[PDB]
Amino acid sequence: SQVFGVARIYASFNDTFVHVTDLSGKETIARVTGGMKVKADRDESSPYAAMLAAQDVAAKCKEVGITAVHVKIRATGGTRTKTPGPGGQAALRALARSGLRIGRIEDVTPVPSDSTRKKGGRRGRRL
Amino acid sequence: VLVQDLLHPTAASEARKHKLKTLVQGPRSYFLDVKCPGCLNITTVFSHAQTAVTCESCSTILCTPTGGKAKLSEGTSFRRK
Amino acid sequence: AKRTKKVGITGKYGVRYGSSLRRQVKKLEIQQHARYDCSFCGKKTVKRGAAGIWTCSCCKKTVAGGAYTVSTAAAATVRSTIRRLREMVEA
Amino acid sequence: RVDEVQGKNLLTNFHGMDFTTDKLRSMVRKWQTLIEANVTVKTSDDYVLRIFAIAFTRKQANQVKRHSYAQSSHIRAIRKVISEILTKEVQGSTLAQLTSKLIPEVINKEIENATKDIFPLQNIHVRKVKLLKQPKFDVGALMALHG
Amino acid sequence: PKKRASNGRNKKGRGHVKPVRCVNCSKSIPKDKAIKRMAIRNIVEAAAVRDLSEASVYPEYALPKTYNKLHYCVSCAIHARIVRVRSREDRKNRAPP
Amino acid sequence: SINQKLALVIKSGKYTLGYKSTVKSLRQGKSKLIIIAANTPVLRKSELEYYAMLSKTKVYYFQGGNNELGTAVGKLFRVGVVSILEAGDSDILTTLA
Amino acid sequence: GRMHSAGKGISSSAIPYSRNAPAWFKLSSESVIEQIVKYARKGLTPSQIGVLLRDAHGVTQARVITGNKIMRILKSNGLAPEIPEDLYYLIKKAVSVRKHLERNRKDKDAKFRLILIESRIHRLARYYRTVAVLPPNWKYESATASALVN
Amino acid sequence: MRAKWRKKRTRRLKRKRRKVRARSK
Amino acid sequence: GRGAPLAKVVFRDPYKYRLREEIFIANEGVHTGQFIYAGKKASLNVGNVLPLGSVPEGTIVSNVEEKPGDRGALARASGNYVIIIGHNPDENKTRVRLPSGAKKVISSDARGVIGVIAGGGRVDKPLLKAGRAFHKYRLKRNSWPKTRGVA
RNA sequence: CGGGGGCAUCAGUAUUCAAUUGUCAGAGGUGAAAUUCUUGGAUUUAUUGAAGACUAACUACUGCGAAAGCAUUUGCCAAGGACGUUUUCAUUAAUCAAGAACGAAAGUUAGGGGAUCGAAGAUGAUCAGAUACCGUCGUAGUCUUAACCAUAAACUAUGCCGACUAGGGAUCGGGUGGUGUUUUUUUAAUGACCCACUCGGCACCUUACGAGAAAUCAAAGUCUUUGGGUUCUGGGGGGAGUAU
């Protein structure tokens with residue numbers, strides 16, 4: 001009844017990327033990130049900017065022809081936080097309130113079998 | 001406690017202690033005579049044998065060694081003597 | 001007696017050439033002038049004749065090898081690589 | 001992966017299986033032993049593929065003590081059994097039949113029916129299978145799976 | 001003098017434990033010393049679940065979760081998490097809440 | 001082990017070491033068993049297998065060179081083949097050896 | 001205990017009280033001495049002989065049924081070895097670790113263990129020299145030991 | 001001052017007094 | 001003039017009753033009296049010269065041809081070797097890694113002898129003398145005493 | 001039985017780079033910024049590849065090792081403790097000047113490797129200044145092979161061996177017992193578990209008889225009611241681990 005995409009929300013700290021793609025993952029529609037909706041450089045990660053970005057992404061997705069979406073929330077991962085940023089929740093809700101349909105949500109943070117040295121020194125990023 | 005007979009300890013308190021830590025030390029192991037029902041004669045196997053003791057005429061098995069007591073190999077008949 | 005303290009074979013160079021240069025020579029001139037075990041007859045008779053050439057006295061087999069030792073560290077792991085790679089073929 | 005396209009109808013073939021990370025992550029609970037075993041192996045038609053497995057020890061339902069770890073030779077025994085079962089079930093006929101094994105998950109049943117004489121071993125899965133060599137394109141063998 | 005019988009933490013019988021990194025500041029702290037808490041939370045917060053389960057085919061479908069184990073250092077766990085500072089007699093307790 | 005079995009034949013049996021005494025005991029039908037070292041030349045090993053099959057003698061191959069075959073017979077020289085003339089009370093004849 | 005470890009393990013045989021009889025015991029001292037000699041022909045140390053008499057026949061201690069321990073029965077019948085059994089097995093262990101260490105020179109653990117084994121050997125050899133079951137200036141040398149074992 | 005920075009300073013003193021005394025051997 | 005040893009290898013002429021002696025570069029490990037198997041269907045032993053299409057990836061060969069038939073071009077000084085890192089079986093080619101680290105795709109019918117070339121580790125010994133550099137370049141060419149151009 | 005050691009092998013994502021793809025204005029980074037990268041489409045997405053390092057979760061008041069230390073698979077090689085033991089020898093032992101093996105990290109010498117982080121260095125801010133913290137880039141180093149070095153808050157700031165003294169329940173390894181549970185094939189059999197005991201470990205909890213200047217301590221007790229054996233060290237603070 002629908003036609004699906006995959007939503008690929010990557011909400012770190014310092015930013016939130018929405019961008020939906022085709023079900024293949026190759027062809028992307030509707031990229032808009034979270035720091036394109038504010039220019040204050042601290043509120044790039046804030047959930048209001050994530051709501052505005054997800055609203056624009058849902059507008060372009062509803063225009064192109066994608067009426068349902070398969071979200072994959074992501075954090076930075078690797079040797080980074082492996083915790084999603086503040087704008088990952090709101091963007092998800094702002095992707096579901098808009099009129100886009102939601103299926104099969106999961107979490108795709110890249111997590112090592114642990115690996116290369118984490119940045120910050122041995123005494124740490126102390127300040 | 002504070003008064004007890006350390007020279008005549010109860011047998012239930014002595015059957016549980018380590019074989020070196022009883023009043024006079026003595027082994028908790030034994031011997032046993034085994035006959036395999038194919039042959040006729042009996043042989044005297046230690047309880048903690050450590051070797052594959054085979055029967056005298058038909059050399060097959062009577063006990064395979066283990067961590068502690070030997071395991072008699074399921075077709076046997078044994079008497080502790 | 002013990003004739004020299006640390007120069008060993010390189011005391012033929014005397015006082016010249018720099019001590020760290022006579023130390024690297026002493027590491028290899030001990031190796032190239034030593035007798036090694038023959039693989040074939042099991043005797044300790046293999047002596048170098050020229051760089052990379054190692055001849056055994058009795059059974060007279062000449063084996064090619066490293067310039068200062070019979071088997072270099074590189075070519076030993078090569079022989080066990082090709083040993084490993086060959087048994088992936090017959091299996 | 002998408003193999004052949006016939007006029008607004010792009011046909012595919014099996015390219016791999018993997019768990020979702022919430023399922024794989026919820027099984028790794030503390031106070032028990034995790035067991036991993038993988039085999040890199042060929043099939044009937046030459047799909048060379050690495051197929052994984054996971055297992056976890058559990059409590060017997062009369063067990064009082066907190067954890068029930070294995071004993072590190074039970075782990076080696078279970079890994080041996082798992083690998084032998086996997087390299088038995090692969091080099092049967094090809095990944096058509098291997099996916100028709102993986103969908104009803106008969107492999108887990110064989111694992112728990114063989115390792116139960118070693119250790120209790122809850123929550124057994126196959127957890128991944130990844131392709132690392134495809135034999136050839138073979139369009140007829142492809143369209144045998146598209147009626 | 002000694003402030004704890006188990007000095008930093010939980011190394012009796014080893015000599016060396018391999019260190020992990022703090023998740024906040026990346027200070028390298030030993031794995032037994034660190035401070036370790038498993039965060040187990042949904043990918044949706046308690047307000048969003050209604051509007052999300054409205055907005056789904058496959059009715060409510062999982063409520064799928066998120067799991068990660070956070071290792072803090074002694075500094076950054078005191079600075080936020082598990083701190084207050086316990087009295088000398090309340091220090092010896094080990095029940096979580 | 002096999003080296004335990006050889007150590008009893010040296011001390012309680014009859015044997016000959018070396019090549020020229022071994023093929024003599026093949027020619028007399030006096031050999032029971034010959035143990036050839038690993039690093040023997042292949043031509044010497046080929047005739048020692050040929051001298052055995054003319055006498056229906058069993059050949060055992062040692063798992064080591066001539067330096068460590070002479071060790072197992074308890075001697076400070078290197079032997080290339082040892083020929084068991086007489087099993088004593090040892091059991092090399094009745095084992096896989 | 002454990003002169004070369006830190007273990008305090010008490011695991012030993014608790015010899016019974018009675019210095020006589022198995023009165024469930026069969027055939028007398030001549031036959032078990034004959035069995036001892038027969039096993040000692042086969043290249044068995046007195047430890048292995050005593051094990052094999054204990055489990056296969058029922059022979060509790062050879063010092064109980066026969067008159068002496070098994071080394072006197074071996075030695076009085078012309079069968080006792082050139083070096084005693086425990087020194088022999090220690091030298092055997094040192095030979096095996098030295099073969100491993102010529103194979104695996106990168107192993108420092110085998111180096112430390114070999115020093116412990118040879119330091120055990122020298123204490124046993126000093127004892128056996130003092131009690132004079134070994135000749136004086138008998139010296140365990142690490143080169144000829146591989147033949148001295150076999 | 002911190003005892004290992006007096007220790008490092010002392011090693012810098014000894015490295016100087018080994019140098020000035022080497023000029024007059 | 002060369003650091004590596006050379007090996008006279010005699011072969012039987014397939015078309016005439018005579019013997020043909022070729023002069024290979026001695027790979028490390030070969031000994032006089034060894035049988036050397038040259039050809040397509042030969043075995044992966046040290047000393048046997050095989051085409052590169054018939055060896056697995058990771059095989060360490062030396063004296064490897066560039067064009068199939070030019071009788072030995074690459075990895076040919078002492079100690080050196082190439083690594084077959086991969087095959088492209090269609091348009092049949094083989095990616096190898098040269099001793100300078102430069103990767104090179106060459107034909108899968110080009111041959112090479114398994115193993116590394118003997119005499120290796122030669123340049124780890126200092127010459128120590130102008131006499132040893134004299135006698136080194138005495139049998140190669142004429143460029144020993146090269147006065148600096150600034151003087 | 002164990003993450004004890006050595007050598008080979010195998011795997012896993014991640015990181016970094018590269019190849020092609022897709023789409024379009026930012027992306028990083030922070031307390032906040034700036035340097036930086038961005039129609040040369042950066043960031044983001046998908047497919048594939050290479051490289052080196054690491055071995056997450058499981059992972060604990062849990063294991064092994066003389067300590068340093070040791071966590072993917074498999075094979076080989078030798079080793080080890082505990083337990084079991086009606087096996088053997090029969091004082092062979094305990095502790096140790098001198099002497100010897102091993103000894104984190106950093107460092108040094110010569111190859112290899114060089115992904116990541118990163119002393120130095122260069123930069124952007126901060127600041128009164130900032131030769132710092134925070135941001136970016138990055139050399140030696142990190143990794144390995146052969147050889148040095150011989151130090152750490154190398155800590156349990158508690159020598160080693162032996163004996164005795166107190167109550168408890170957990171746990172790891174071994175063993176013994178049970179007309180106990182589980183796995184059905186039909187009863188079995190093994191494994192896992194349960195109960196009781198037992199040695200041997202890493203520990204813990206409550207008391208205090210006892211000790212202590214106290215904190216605290218089942219040893220730091222069995223000491224003015226002072227003696228089990230033995231080794232090393234100290235004698236107000238500096239000067240000073242300095243000079244020679």
# chains A, B, ... in the order shown; residues from 1 in each chain; ligands from 1
$ interface_residues --of "chain F" --to "chain C" --cutoff "9 Å" --atoms "only C-alpha atoms" --output "ChimeraX atom specification"
/F:39-41,65-67,78
$ closest_atom_pairs --of "chain J" --to "chain H" --cutoff "12 Å" --atoms "only C-alpha atoms (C1' of nucleotides)" --output "JSON lines"
{"residue": "J:240", "atom": "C1'", "partner": "H:10", "partner_atom": "CA", "distance": 10.9}
{"residue": "J:241", "atom": "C1'", "partner": "H:7", "partner_atom": "CA", "distance": 10.1}
{"residue": "J:242", "atom": "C1'", "partner": "H:10", "partner_atom": "CA", "distance": 8.8}
{"residue": "J:243", "atom": "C1'", "partner": "H:14", "partner_atom": "CA", "distance": 10.6}
$ write_last_selection --atoms "N, CA and C atoms (P, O5', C5', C4', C3', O3' and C1' of nucleotides)" --output "PDB file, in the first residue's frame"
ATOM      1  P     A J 240      72.265  19.605  48.450  1.00  0.00           P
ATOM      2  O5'   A J 240      71.439  18.287  48.744  1.00  0.00           O
ATOM      3  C5'   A J 240      70.523  17.775  47.789  1.00  0.00           C
ATOM      4  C4'   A J 240      70.224  16.322  48.038  1.00  0.00           C
ATOM      5  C3'   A J 240      69.083  16.029  49.004  1.00  0.00           C
ATOM      6  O3'   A J 240      68.528  14.765  48.663  1.00  0.00           O
ATOM      7  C1'   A J 240      71.042  15.088  49.833  1.00  0.00           C
ATOM      8  P     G J 241      67.250  14.621  47.714  1.00  0.00           P
ATOM      9  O5'   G J 241      67.166  13.053  47.470  1.00  0.00           O
ATOM     10  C5'   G J 241      67.713  12.456  46.299  1.00  0.00           C
ATOM     11  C4'   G J 241      69.207  12.297  46.388  1.00  0.00           C
ATOM     12  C3'   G J 241      69.861  11.662  45.163  1.00  0.00           C
ATOM     13  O3'   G J 241      71.180  12.179  45.029  1.00  0.00           O
ATOM     14  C1'   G J 241      70.346  10.374  47.039  1.00  0.00           C
ATOM     15  P     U J 242      71.860  12.309  43.588  1.00  0.00           P
ATOM     16  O5'   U J 242      72.739  13.618  43.721  1.00  0.00           O
ATOM     17  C5'   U J 242      72.117  14.890  43.739  1.00  0.00           C
ATOM     18  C4'   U J 242      72.992  15.911  44.398  1.00  0.00           C
ATOM     19  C3'   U J 242      74.477  15.698  44.212  1.00  0.00           C
ATOM     20  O3'   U J 242      74.937  16.222  42.983  1.00  0.00           O
ATOM     21  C1'   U J 242      74.018  16.085  46.491  1.00  0.00           C
ATOM     22  P     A J 243      76.136  15.519  42.187  1.00  0.00           P
ATOM     23  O5'   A J 243      77.403  15.820  43.080  1.00  0.00           O
ATOM     24  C5'   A J 243      77.972  17.114  43.111  1.00  0.00           C
ATOM     25  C4'   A J 243      79.165  17.135  44.021  1.00  0.00           C
ATOM     26  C3'   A J 243      80.263  16.144  43.684  1.00  0.00           C
ATOM     27  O3'   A J 243      81.152  16.610  42.689  1.00  0.00           O
ATOM     28  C1'   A J 243      79.747  15.980  45.961  1.00  0.00           C
TER      29        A J 243
END
$ select_by_dssp --residues "chain G" --states "helix (DSSP H, G or I)" --output "MDAnalysis selection string"
chainID G and resid 29:41 46:55 62:65 70:76 85:103 108:130 145:149
$ residues_around --residues "residue 22 of chain E" --least-positions-apart "4" --cutoff "8 Å" --atoms "only C-alpha atoms (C1' of nucleotides)" --output "JSON, numbers by chain"
{"E": [26, 27, 28, 29, 34, 71, 72, 73]}
$ write_last_selection --atoms "N, CA and C atoms" --output "mmCIF file, in the first residue's frame"
data_model
loop_
_atom_site.group_PDB
_atom_site.id
_atom_site.type_symbol
_atom_site.label_atom_id
_atom_site.label_comp_id
_atom_site.auth_asym_id
_atom_site.auth_seq_id
_atom_site.Cartn_x
_atom_site.Cartn_y
_atom_site.Cartn_z
ATOM 1 N N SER E 26 37.713 10.943 28.099
ATOM 2 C CA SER E 26 38.699 9.980 27.607
ATOM 3 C C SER E 26 39.908 9.848 28.509
ATOM 4 N N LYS E 27 39.742 10.020 29.809
ATOM 5 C CA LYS E 27 40.801 9.684 30.739
ATOM 6 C C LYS E 27 40.870 8.181 30.858
ATOM 7 N N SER E 28 42.075 7.634 30.756
ATOM 8 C CA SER E 28 42.220 6.192 30.790
ATOM 9 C C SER E 28 42.273 5.706 32.224
ATOM 10 N N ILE E 29 41.259 4.944 32.609
ATOM 11 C CA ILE E 29 41.084 4.463 33.974
ATOM 12 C C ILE E 29 41.040 2.941 33.899
ATOM 13 N N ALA E 34 36.624 1.738 37.230
ATOM 14 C CA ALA E 34 36.177 2.874 36.442
ATOM 15 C C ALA E 34 34.987 3.635 37.002
ATOM 16 N N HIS E 71 31.391 3.657 30.896
ATOM 17 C CA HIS E 71 32.493 3.654 31.852
ATOM 18 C C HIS E 71 32.889 5.096 32.118
ATOM 19 N N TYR E 72 32.759 5.546 33.354
ATOM 20 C CA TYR E 72 33.137 6.901 33.712
ATOM 21 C C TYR E 72 34.446 6.870 34.469
ATOM 22 N N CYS E 73 35.103 8.018 34.576
ATOM 23 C CA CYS E 73 36.210 8.140 35.511
ATOM 24 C C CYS E 73 35.696 8.584 36.860
#
$ residues_around --residues "segment 77-88 of chain A" --least-positions-apart "6" --cutoff "9 Å" --atoms "only C-alpha atoms (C1' of nucleotides)" --output "count of residues only"
35
$ residues_around --residues "residue 23 of chain F" --least-positions-apart "3" --cutoff "12 Å" --atoms "only C-alpha atoms (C1' of nucleotides)" --output "PyMOL selection string"
chain F and resi 16-20+26-31+33-34+36+44-45+47-52+54-55+57+81-85
$ write_last_selection --atoms "C-alpha atoms" --output "mmCIF file, in the first residue's frame"
data_model
loop_
_atom_site.group_PDB
_atom_site.id
_atom_site.type_symbol
_atom_site.label_atom_id
_atom_site.label_comp_id
_atom_site.auth_asym_id
_atom_site.auth_seq_id
_atom_site.Cartn_x
_atom_site.Cartn_y
_atom_site.Cartn_z
ATOM 1 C CA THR F 16 73.825 -53.639 15.816
ATOM 2 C CA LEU F 17 74.358 -49.984 14.974
ATOM 3 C CA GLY F 18 75.570 -48.524 11.748
ATOM 4 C CA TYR F 19 74.883 -49.374 8.135
ATOM 5 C CA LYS F 20 77.415 -52.087 7.294
ATOM 6 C CA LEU F 26 69.687 -58.529 6.840
ATOM 7 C CA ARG F 27 71.801 -60.915 4.755
ATOM 8 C CA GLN F 28 71.988 -63.441 7.584
ATOM 9 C CA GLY F 29 68.302 -63.314 8.429
ATOM 10 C CA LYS F 30 69.292 -62.260 11.923
ATOM 11 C CA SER F 31 67.499 -58.918 12.006
ATOM 12 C CA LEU F 33 63.589 -54.810 13.042
ATOM 13 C CA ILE F 34 65.511 -51.866 11.604
ATOM 14 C CA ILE F 36 66.256 -45.771 10.127
ATOM 15 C CA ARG F 44 70.686 -45.697 1.565
ATOM 16 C CA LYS F 45 67.098 -45.759 2.785
ATOM 17 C CA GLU F 47 68.246 -50.323 -0.254
ATOM 18 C CA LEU F 48 67.566 -50.808 3.461
ATOM 19 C CA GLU F 49 63.905 -51.088 2.544
ATOM 20 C CA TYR F 50 64.902 -53.414 -0.288
ATOM 21 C CA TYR F 51 67.056 -55.587 1.976
ATOM 22 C CA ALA F 52 64.109 -55.853 4.350
ATOM 23 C CA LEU F 54 63.993 -59.739 0.664
ATOM 24 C CA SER F 55 64.076 -60.926 4.287
ATOM 25 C CA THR F 57 61.782 -57.765 7.985
ATOM 26 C CA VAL F 81 70.290 -47.176 11.295
ATOM 27 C CA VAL F 82 69.910 -49.461 14.291
ATOM 28 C CA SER F 83 69.103 -53.110 13.611
ATOM 29 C CA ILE F 84 67.401 -55.061 16.377
ATOM 30 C CA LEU F 85 68.999 -58.491 16.374
#
$ interface_residues --of "chain J" --to "chain D" --cutoff "8 Å" --atoms "only C-alpha atoms (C1' of nucleotides)" --output "ChimeraX atom specification"
/J:11,57-58,60,73,181-183,190-194
$ write_last_selection --atoms "C-alpha atoms (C1' of nucleotides)" --output "PDB file, in the first residue's frame"
ATOM      1  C1'   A J  11      38.227 -14.050  12.830  1.00  0.00           C
ATOM      2  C1'   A J  57      29.997  -6.231  24.910  1.00  0.00           C
ATOM      3  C1'   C J  58      30.656 -11.525  27.822  1.00  0.00           C
ATOM      4  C1'   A J  60      32.768 -10.158  38.056  1.00  0.00           C
ATOM      5  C1'   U J  73      39.782 -18.904  16.858  1.00  0.00           C
ATOM      6  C1'   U J 181      16.434 -32.820  39.983  1.00  0.00           C
ATOM      7  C1'   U J 182      17.220 -32.386  34.763  1.00  0.00           C
ATOM      8  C1'   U J 183      18.397 -34.247  29.495  1.00  0.00           C
ATOM      9  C1'   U J 190      27.346 -39.012  30.980  1.00  0.00           C
ATOM     10  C1'   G J 191      27.158 -33.525  31.442  1.00  0.00           C
ATOM     11  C1'   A J 192      24.728 -29.457  34.006  1.00  0.00           C
ATOM     12  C1'   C J 193      22.482 -28.541  38.703  1.00  0.00           C
ATOM     13  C1'   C J 194      20.922 -29.409  44.134  1.00  0.00           C
TER      14        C J 194
END
$ select_by_dssp --residues "segment 37-81 of chain C" --states "strand (DSSP E)" --output "count of residues only"
14
$ interface_residues --of "chain J" --to "chain I" --cutoff "12 Å" --atoms "only C-alpha atoms (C1' of nucleotides)" --output "NGL selection string"
:J and (49-50 or 110-111)
$ residues_around --residues "residue 78 of chain B" --least-positions-apart "5" --cutoff "10 Å" --atoms "only C-alpha atoms (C1' of nucleotides)" --output "list in words"
residues 31, 32, 33, 34, 35, 36, 42, 43, 44, 45 and 72 of chain B
$ interface_residues --of "chain J" --to "chain C" --cutoff "12 Å" --atoms "only C-alpha atoms (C1' of nucleotides)" --output "ChimeraX atom specification"
/J:7-9,109-112,145-147
$ interface_residues --of "chain B" --to "chain G" --cutoff "9 Å" --atoms "only C-alpha atoms" --output "number ranges by chain"
B: 19-20, 24-28, 31-33, 43-54, 81
$ closest_atom_pairs --of "chain D" --to "chain A" --cutoff "12 Å" --atoms "only C-alpha atoms" --output "CSV"
residue,atom,partner,partner_atom,distance
D:1,CA,A:24,CA,9.2
D:2,CA,A:24,CA,9.4
D:10,CA,A:24,CA,11.7
D:12,CA,A:24,CA,11.7
D:19,CA,A:106,CA,10.9
D:20,CA,A:106,CA,7.2
D:21,CA,A:107,CA,6.8
D:22,CA,A:106,CA,7.3
D:23,CA,A:106,CA,10.0
D:24,CA,A:107,CA,11.6
D:25,CA,A:107,CA,10.7
$ atom_distance --atom1 "atom CA of residue 13 of chain F" --atom2 "atom CA of residue 56 of chain F"
20.7 Å
$ closest_residue --among "E:49, E:62, E:32, E:79" --to "residue 11 of chain E" --atoms "only C-alpha atoms"
E:32
$ atom_distance --atom1 "atom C1' of residue 66 of chain J" --atom2 "atom CA of residue 116 of chain G"
10.8 Å
$ atom_distance --atom1 "atom CA of residue 65 of chain G" --atom2 "atom CA of residue 32 of chain G"
8.1 Å
$ residues_around --residues "segment 125-127 of chain I" --least-positions-apart "2" --cutoff "9 Å" --atoms "only C-alpha atoms (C1' of nucleotides)" --output "number ranges by chain"
C: 21-22, 24-25, 27-29, 68; I: 121-123, 129-133
$ closest_residue --among "J:83, J:149, J:27, J:102" --to "chain B" --atoms "only C-alpha atoms (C1' of nucleotides)"
J:83
$ interface_residues --of "chain B" --to "chain J" --cutoff "8 Å" --atoms "only C-alpha atoms (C1' of nucleotides)" --output "list in words"
residues 16, 17, 18, 27, 29, 30, 48, 67, 68 and 69 of chain B
$ write_last_selection --atoms "C-alpha atoms" --output "PDB file, in the first residue's frame"
ATOM      1  CA  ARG B  16      33.835 -36.258  57.483  1.00  0.00           C
ATOM      2  CA  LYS B  17      37.334 -34.935  58.209  1.00  0.00           C
ATOM      3  CA  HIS B  18      40.263 -35.130  55.808  1.00  0.00           C
ATOM      4  CA  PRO B  27      43.168 -44.047  54.210  1.00  0.00           C
ATOM      5  CA  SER B  29      40.375 -45.898  50.074  1.00  0.00           C
ATOM      6  CA  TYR B  30      39.922 -49.649  49.858  1.00  0.00           C
ATOM      7  CA  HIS B  48      41.676 -45.544  43.114  1.00  0.00           C
ATOM      8  CA  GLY B  67      40.321 -38.060  38.901  1.00  0.00           C
ATOM      9  CA  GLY B  68      39.597 -39.923  42.091  1.00  0.00           C
ATOM     10  CA  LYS B  69      38.009 -43.352  42.373  1.00  0.00           C
TER      11      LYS B  69
END
